[PDB]
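Colleague: Pasting run06.txt here (compact mmCIF, C-alpha atoms and all ligand atoms):
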```
# COMPACT_ATOMS: atom_id res chain seq x y z
CA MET V 1 6.43 16.36 11.61
CA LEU V 2 3.40 15.17 9.56
CA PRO V 3 2.60 17.98 7.13
CA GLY V 4 -0.66 19.75 6.31
CA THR V 5 -0.85 17.99 2.93
CA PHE V 6 -0.98 14.64 4.78
CA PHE V 7 -3.99 15.87 6.79
CA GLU V 8 -5.62 16.98 3.52
CA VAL V 9 -5.18 13.44 2.19
CA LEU V 10 -6.96 12.12 5.33
CA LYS V 11 -10.09 14.16 4.48
CA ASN V 12 -10.54 11.79 1.53
CA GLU V 13 -11.20 8.06 1.53
CA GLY V 14 -8.59 5.62 0.30
CA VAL V 15 -6.62 2.51 1.05
CA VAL V 16 -3.64 2.69 3.43
CA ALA V 17 -0.85 0.13 3.04
CA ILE V 18 1.36 -1.02 5.93
CA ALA V 19 4.54 -3.03 5.24
CA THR V 20 6.39 -5.12 7.83
CA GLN V 21 9.41 -7.40 7.73
CA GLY V 22 8.37 -11.05 7.66
CA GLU V 23 10.50 -14.16 8.07
CA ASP V 24 10.70 -14.79 4.31
CA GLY V 25 10.10 -11.42 2.68
CA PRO V 26 7.88 -8.43 3.36
CA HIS V 27 4.29 -8.53 4.49
CA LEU V 28 1.68 -5.99 3.42
CA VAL V 29 -1.72 -5.22 4.95
CA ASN V 30 -4.30 -2.44 4.74
CA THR V 31 -6.62 -0.10 6.53
CA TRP V 32 -8.84 2.80 5.39
CA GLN V 33 -7.48 6.33 5.68
CA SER V 34 -10.79 7.45 7.25
CA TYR V 35 -10.01 5.08 10.14
CA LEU V 36 -6.71 6.75 11.03
CA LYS V 37 -6.51 8.67 14.28
CA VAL V 38 -3.56 11.07 14.53
CA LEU V 39 -2.37 11.99 18.03
CA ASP V 40 0.27 14.46 19.23
CA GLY V 41 3.85 13.20 19.41
CA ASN V 42 3.76 11.99 15.78
CA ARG V 43 1.43 9.03 16.38
CA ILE V 44 -0.85 7.38 13.81
CA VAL V 45 -3.35 4.93 15.32
CA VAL V 46 -4.95 2.12 13.29
CA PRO V 47 -7.80 -0.15 14.46
CA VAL V 48 -6.72 -3.80 14.52
CA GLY V 49 -9.14 -6.65 13.77
CA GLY V 50 -6.85 -9.12 12.02
CA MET V 51 -3.18 -8.21 11.59
CA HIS V 52 -1.99 -11.27 13.49
CA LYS V 53 0.88 -11.87 11.05
CA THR V 54 1.66 -8.13 10.99
CA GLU V 55 1.73 -8.13 14.82
CA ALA V 56 4.12 -11.11 14.93
CA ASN V 57 6.38 -9.30 12.46
CA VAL V 58 6.33 -6.08 14.51
CA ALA V 59 7.34 -8.08 17.61
CA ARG V 60 10.53 -9.14 15.74
CA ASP V 61 11.21 -5.79 14.02
CA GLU V 62 9.24 -2.72 15.10
CA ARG V 63 10.06 -0.76 11.93
CA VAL V 64 7.18 -0.33 9.49
CA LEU V 65 6.42 1.56 6.27
CA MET V 66 3.06 3.11 5.41
CA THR V 67 1.78 4.63 2.21
CA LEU V 68 -1.43 6.49 1.41
CA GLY V 69 -2.59 9.15 -1.00
CA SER V 70 -5.48 10.84 -2.76
CA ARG V 71 -6.30 11.83 -6.31
CA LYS V 72 -8.15 14.82 -4.79
CA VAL V 73 -5.13 16.54 -3.23
CA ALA V 74 -2.61 18.32 -5.45
CA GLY V 75 0.93 16.95 -5.68
CA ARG V 76 4.02 18.87 -6.76
CA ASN V 77 3.33 18.42 -10.50
CA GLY V 78 -0.38 17.79 -10.93
CA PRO V 79 -3.55 16.50 -9.28
CA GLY V 80 -2.96 13.63 -6.87
CA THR V 81 -0.36 13.01 -4.18
CA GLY V 82 0.74 10.62 -1.51
CA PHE V 83 3.22 9.81 1.24
CA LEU V 84 5.78 7.29 2.37
CA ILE V 85 5.78 7.17 6.17
CA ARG V 86 8.49 5.40 8.17
CA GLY V 87 7.98 4.72 11.85
CA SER V 88 8.05 2.29 14.72
CA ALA V 89 5.00 0.20 15.58
CA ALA V 90 3.44 -1.06 18.79
CA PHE V 91 0.17 -2.87 19.55
CA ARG V 92 -1.89 -1.53 22.45
CA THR V 93 -4.78 -3.31 24.14
CA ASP V 94 -5.58 -0.91 26.96
CA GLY V 95 -5.07 2.75 27.87
CA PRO V 96 -5.54 6.00 25.90
CA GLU V 97 -4.08 4.72 22.62
CA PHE V 98 -6.48 1.76 22.58
CA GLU V 99 -9.35 4.05 23.64
CA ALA V 100 -8.55 6.17 20.55
CA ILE V 101 -10.00 3.49 18.24
CA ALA V 102 -12.79 2.22 20.55
CA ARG V 103 -15.41 3.50 18.06
CA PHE V 104 -14.53 0.27 16.21
CA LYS V 105 -16.44 -2.55 17.97
CA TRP V 106 -14.56 -5.23 16.04
CA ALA V 107 -11.14 -4.02 17.21
CA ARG V 108 -8.89 -6.31 19.28
CA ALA V 109 -6.02 -3.80 19.47
CA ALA V 110 -4.68 -0.43 18.35
CA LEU V 111 -1.68 -0.32 16.04
CA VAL V 112 0.30 2.76 17.09
CA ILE V 113 2.85 4.01 14.57
CA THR V 114 5.28 6.62 15.85
CA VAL V 115 6.40 8.51 12.77
CA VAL V 116 10.13 9.04 12.20
CA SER V 117 9.77 10.51 8.69
CA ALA V 118 7.09 11.48 6.19
CA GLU V 119 7.99 11.96 2.54
CA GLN V 120 5.58 13.34 -0.04
CA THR V 121 6.52 11.14 -3.00
CA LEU V 122 4.36 12.82 -5.66
CA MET S 1 -5.80 -15.74 -11.18
CA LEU S 2 -7.46 -12.33 -11.02
CA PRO S 3 -11.16 -12.37 -10.14
CA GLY S 4 -13.95 -10.16 -11.47
CA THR S 5 -14.05 -8.20 -8.20
CA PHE S 6 -10.44 -7.10 -8.81
CA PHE S 7 -11.48 -5.71 -12.22
CA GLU S 8 -14.39 -3.93 -10.54
CA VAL S 9 -11.89 -2.24 -8.22
CA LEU S 10 -9.93 -1.08 -11.33
CA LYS S 11 -12.98 0.83 -12.61
CA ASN S 12 -12.24 3.25 -9.76
CA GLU S 13 -9.20 5.40 -9.04
CA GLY S 14 -7.02 4.78 -5.99
CA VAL S 15 -3.49 4.31 -4.71
CA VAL S 16 -1.77 0.96 -5.35
CA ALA S 17 1.02 -0.16 -2.98
CA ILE S 18 3.94 -2.40 -4.03
CA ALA S 19 6.23 -3.98 -1.42
CA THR S 20 9.65 -5.45 -2.12
CA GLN S 21 12.44 -6.91 0.02
CA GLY S 22 15.16 -4.32 0.67
CA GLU S 23 18.60 -4.84 2.16
CA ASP S 24 17.56 -3.64 5.64
CA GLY S 25 13.79 -4.18 5.67
CA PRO S 26 10.85 -3.86 3.29
CA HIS S 27 10.46 -1.16 0.69
CA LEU S 28 7.09 0.25 -0.33
CA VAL S 29 6.18 2.34 -3.39
CA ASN S 30 3.03 3.37 -5.22
CA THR S 31 1.22 3.72 -8.49
CA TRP S 32 -2.35 4.66 -9.46
CA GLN S 33 -5.05 2.06 -10.09
CA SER S 34 -5.87 3.74 -13.39
CA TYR S 35 -2.30 3.10 -14.58
CA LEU S 36 -2.41 -0.69 -14.17
CA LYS S 37 -2.48 -2.55 -17.45
CA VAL S 38 -3.63 -6.16 -17.09
CA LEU S 39 -2.49 -8.63 -19.76
CA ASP S 40 -3.31 -12.23 -20.64
CA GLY S 41 -1.43 -14.81 -18.58
CA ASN S 42 -1.95 -13.17 -15.19
CA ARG S 43 0.29 -10.13 -15.77
CA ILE S 44 -0.12 -6.69 -14.22
CA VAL S 45 2.01 -3.97 -15.82
CA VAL S 46 2.98 -0.72 -14.05
CA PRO S 47 4.59 2.31 -15.76
CA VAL S 48 7.97 3.00 -14.12
CA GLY S 49 9.31 6.56 -13.78
CA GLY S 50 11.37 6.17 -10.62
CA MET S 51 11.34 2.85 -8.74
CA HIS S 52 15.14 2.68 -8.70
CA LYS S 53 15.30 1.24 -5.19
CA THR S 54 12.40 -1.06 -6.03
CA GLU S 55 14.22 -2.25 -9.18
CA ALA S 56 17.41 -3.02 -7.24
CA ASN S 57 15.32 -5.00 -4.73
CA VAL S 58 13.56 -6.97 -7.50
CA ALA S 59 16.95 -7.79 -9.07
CA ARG S 60 17.81 -9.62 -5.83
CA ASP S 61 14.39 -11.01 -4.85
CA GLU S 62 11.75 -11.11 -7.57
CA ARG S 63 8.85 -11.73 -5.16
CA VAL S 64 6.59 -8.73 -4.61
CA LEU S 65 3.34 -7.89 -2.81
CA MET S 66 0.69 -5.51 -4.12
CA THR S 67 -2.44 -4.15 -2.46
CA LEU S 68 -5.29 -2.01 -3.73
CA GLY S 69 -8.95 -1.49 -2.99
CA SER S 70 -12.04 0.66 -3.31
CA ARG S 71 -14.85 1.78 -1.06
CA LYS S 72 -17.06 1.69 -4.21
CA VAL S 73 -16.97 -2.11 -4.62
CA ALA S 74 -18.79 -4.41 -2.19
CA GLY S 75 -16.68 -6.62 0.06
CA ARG S 76 -17.91 -9.71 1.86
CA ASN S 77 -19.56 -8.02 4.85
CA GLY S 78 -20.20 -4.44 3.70
CA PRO S 79 -19.17 -1.67 1.28
CA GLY S 80 -15.48 -1.62 0.38
CA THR S 81 -13.04 -4.28 -0.64
CA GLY S 82 -9.44 -4.90 -1.62
CA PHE S 83 -6.78 -7.40 -2.51
CA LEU S 84 -3.43 -8.79 -1.56
CA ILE S 85 -1.64 -9.86 -4.74
CA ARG S 86 1.55 -11.93 -4.69
CA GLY S 87 3.68 -12.31 -7.79
CA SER S 88 7.08 -12.31 -9.42
CA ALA S 89 8.39 -9.05 -10.86
CA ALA S 90 10.54 -8.15 -13.85
CA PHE S 91 11.50 -4.81 -15.40
CA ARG S 92 11.30 -4.31 -19.17
CA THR S 93 12.54 -1.42 -21.33
CA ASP S 94 11.36 -2.83 -24.68
CA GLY S 95 9.07 -5.50 -26.15
CA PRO S 96 5.29 -5.84 -25.90
CA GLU S 97 5.10 -5.60 -22.10
CA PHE S 98 6.88 -2.26 -22.24
CA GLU S 99 4.75 -1.16 -25.21
CA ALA S 100 1.67 -1.86 -23.07
CA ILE S 101 2.49 1.23 -20.94
CA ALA S 102 4.65 3.25 -23.39
CA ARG S 103 1.84 5.82 -23.75
CA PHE S 104 3.15 7.14 -20.42
CA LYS S 105 6.06 9.11 -21.87
CA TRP S 106 7.71 9.57 -18.48
CA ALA S 107 8.05 5.78 -18.20
CA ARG S 108 11.67 4.57 -18.42
CA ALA S 109 10.49 0.98 -17.97
CA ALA S 110 7.56 -1.35 -17.30
CA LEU S 111 7.24 -3.28 -14.05
CA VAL S 112 5.67 -6.61 -15.00
CA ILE S 113 4.16 -8.61 -12.15
CA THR S 114 3.20 -12.20 -12.92
CA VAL S 115 0.50 -13.01 -10.38
CA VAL S 116 0.83 -16.19 -8.31
CA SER S 117 -2.13 -15.48 -5.99
CA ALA S 118 -4.86 -12.90 -5.45
CA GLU S 119 -6.66 -12.81 -2.10
CA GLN S 120 -9.70 -10.63 -1.43
CA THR S 121 -8.89 -9.51 2.11
CA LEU S 122 -12.15 -7.63 2.87
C1 LIG F 201 -9.24 -1.73 2.13
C2 LIG F 201 -8.93 -2.66 3.30
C3 LIG F 201 -9.06 -2.19 4.59
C4 LIG F 201 -8.78 -3.02 5.67
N1 LIG F 201 -8.90 -2.51 6.95
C5 LIG F 201 -8.44 -3.24 8.03
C6 LIG F 201 -8.39 -2.66 9.30
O1 LIG F 201 -8.75 -1.51 9.51
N2 LIG F 201 -7.93 -3.43 10.35
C7 LIG F 201 -7.52 -4.76 10.16
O2 LIG F 201 -7.13 -5.42 11.12
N3 LIG F 201 -7.56 -5.32 8.90
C8 LIG F 201 -8.03 -4.57 7.84
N4 LIG F 201 -8.05 -5.14 6.58
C9 LIG F 201 -7.47 -6.50 6.40
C10 LIG F 201 -5.93 -6.46 6.50
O3 LIG F 201 -5.40 -5.83 5.33
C11 LIG F 201 -5.34 -7.88 6.62
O4 LIG F 201 -5.70 -8.63 5.46
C12 LIG F 201 -5.83 -8.64 7.86
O5 LIG F 201 -5.90 -7.78 9.02
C13 LIG F 201 -4.91 -9.82 8.17
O6 LIG F 201 -3.64 -9.31 8.62
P1 LIG F 201 -2.35 -10.26 8.64
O7 LIG F 201 -2.14 -10.80 7.15
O8 LIG F 201 -1.22 -9.44 9.14
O9 LIG F 201 -2.67 -11.48 9.61
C14 LIG F 201 -8.36 -4.34 5.45
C15 LIG F 201 -8.23 -4.82 4.15
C16 LIG F 201 -8.52 -3.98 3.08
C17 LIG F 201 -8.38 -4.54 1.67
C1 LIG F 202 -0.11 7.97 -5.53
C2 LIG F 202 1.29 7.77 -6.10
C3 LIG F 202 1.43 7.26 -7.38
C4 LIG F 202 2.70 7.06 -7.91
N1 LIG F 202 2.82 6.55 -9.20
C5 LIG F 202 4.06 6.16 -9.68
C6 LIG F 202 4.16 5.46 -10.88
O1 LIG F 202 3.18 5.16 -11.57
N2 LIG F 202 5.42 5.09 -11.31
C7 LIG F 202 6.58 5.40 -10.58
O2 LIG F 202 7.68 5.05 -11.00
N3 LIG F 202 6.47 6.07 -9.37
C8 LIG F 202 5.21 6.47 -8.94
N4 LIG F 202 5.12 7.13 -7.72
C9 LIG F 202 6.36 7.32 -6.91
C10 LIG F 202 6.80 5.98 -6.28
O3 LIG F 202 5.90 5.59 -5.24
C11 LIG F 202 8.24 6.05 -5.72
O4 LIG F 202 8.29 7.03 -4.67
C12 LIG F 202 9.28 6.40 -6.78
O5 LIG F 202 9.04 5.67 -7.99
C13 LIG F 202 10.69 6.06 -6.28
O6 LIG F 202 10.79 4.64 -6.15
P1 LIG F 202 11.96 3.94 -5.30
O7 LIG F 202 11.84 4.41 -3.80
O8 LIG F 202 11.83 2.47 -5.47
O9 LIG F 202 13.36 4.47 -5.88
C14 LIG F 202 3.85 7.38 -7.17
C15 LIG F 202 3.70 7.88 -5.88
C16 LIG F 202 2.43 8.08 -5.35
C17 LIG F 202 2.29 8.65 -3.93
CL CL F 203 -7.51 8.26 -4.60
```
Please rewrite the model in this file as structure tokens.
Modeller:
Amino acid sequence: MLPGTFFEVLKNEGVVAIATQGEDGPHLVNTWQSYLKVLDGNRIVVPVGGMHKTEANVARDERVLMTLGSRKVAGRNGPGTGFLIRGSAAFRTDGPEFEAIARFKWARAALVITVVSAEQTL
Amino acid sequence: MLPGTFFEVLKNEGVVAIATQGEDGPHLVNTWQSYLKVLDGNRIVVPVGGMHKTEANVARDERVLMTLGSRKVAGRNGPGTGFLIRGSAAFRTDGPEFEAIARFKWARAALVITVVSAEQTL
């Protein structure tokens, strides 16, 4: 379901934001869009170093939001675009999904987001 | 509240992410770094075109989270840094906080975030 424009965004560096439901409000953490590994079956894989609070939140409510964008990819009405992604999250520590981010020596886990929707919001 | 490194990040373009508490989970929207207008007294102003869901969320829970970063500013252990900002949000349609972003003619309002903490997370 992830569109070509999203893959264009990934050719450019930028900050990714990942929102989870915490016990007293949202939580918000980051990765780099160059770190993202996209696998078939609508999966976005993020290398996890910290994200201990994020992981605890995901254990309670698997639903996450992710945003990312680039000034270098045209939106609907000018230069620059980005996406709101909604999906379900899981944390893997062995197997192919963990192996996907094993280029990152500092990683303790792989955050696997299975995308339910992707909305180009600009 | 806001450190020099945060202002260094603002010399560069990038996507800002703003999380609010929604009725059934977090909400997450964006602006551009170049749009942020920082005022005296720890205020970050964002031009608002849409943000209707975000505004409804803020009306019920004023606490928001904001992240942003840049690969072009040194973090603690290598190139690239960013911030988690926590603050209270209000929407203005007039007065000096609105006038701060009124140059954006598509702006129906100003989102004013009064910063309570700023954490460099990389
Ligand atoms: C630009 C940027 C990129 C980051 N990349 C990662 C990352 O790839 N993996 C990670 O675990 N934390 C990364 N961090 C730190 C996380 O945003 C977060 O602060 C940390 O993992 C703690 O997560 P938690 O608050 O859920 O415990 C990055 C921070 C910034 C500002
Ligand atoms: C990179 C990027 C920058 C954006 N800049 C703004 C902005 O400055 N102001 C704004 O109201 N919406 C901006 N948008 C759209 C918002 O993220 C959001 O989708 C829209 O305001 C609707 O908000 P809501 O879901 O709270 O109703 C931007 C989107 C992207 C991807
Ligand atoms: Cl960008």
Colleague: Using all atoms listed in the file, determine which residues lie at most 9 Å from residue S:65, disregarding the query and same-chain residues fewer than 2 positions distant; provide the list as number ranges by chain.
Modeller: V: 26-28; S: 17-20, 63, 67, 84-88
Colleague: Residues within 7 Å of residue V:80, please, as a list in words. Count all atoms listed in the file; anything in the same chain fewer than 6 positions from it doesn't count.
Modeller: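 Residues near the query, excluding close chain neighbours: residues 70, 71, 72, 73 and 74 of chain V.
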Colleague: Could you check the closest approach to chain S for each of V:9, V:64, V:45, V:89 and tell me which residue wins, using only C-alpha atoms?
Modeller: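 When distances to chain S are compared using only C-alpha atoms, the smallest one comes from V:64.
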Colleague: From the list V:2, V:59, V:107, V:39, which residue is nearest ligand LIG 201 (chain F) when using only C-alpha atoms and all ligand atoms?
Modeller: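 Distance minimum relative to ligand LIG 201 (chain F) lands on V:107.
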Colleague: Dump the neighbourhood of ligand LIG 201 (chain F) as a list in words: all residues within 6 Å, distances computed on all atoms listed in the file.
Modeller: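 With all atoms listed in the file and a cut-off of 6 Å, ligand LIG 201 (chain F) is contacted by residues 15, 29, 30, 31, 32, 47, 48, 49, 50, 51, 52, 53 and 54 of chain V; 69, 81, 82, 83, 121 and 122 of chain S.
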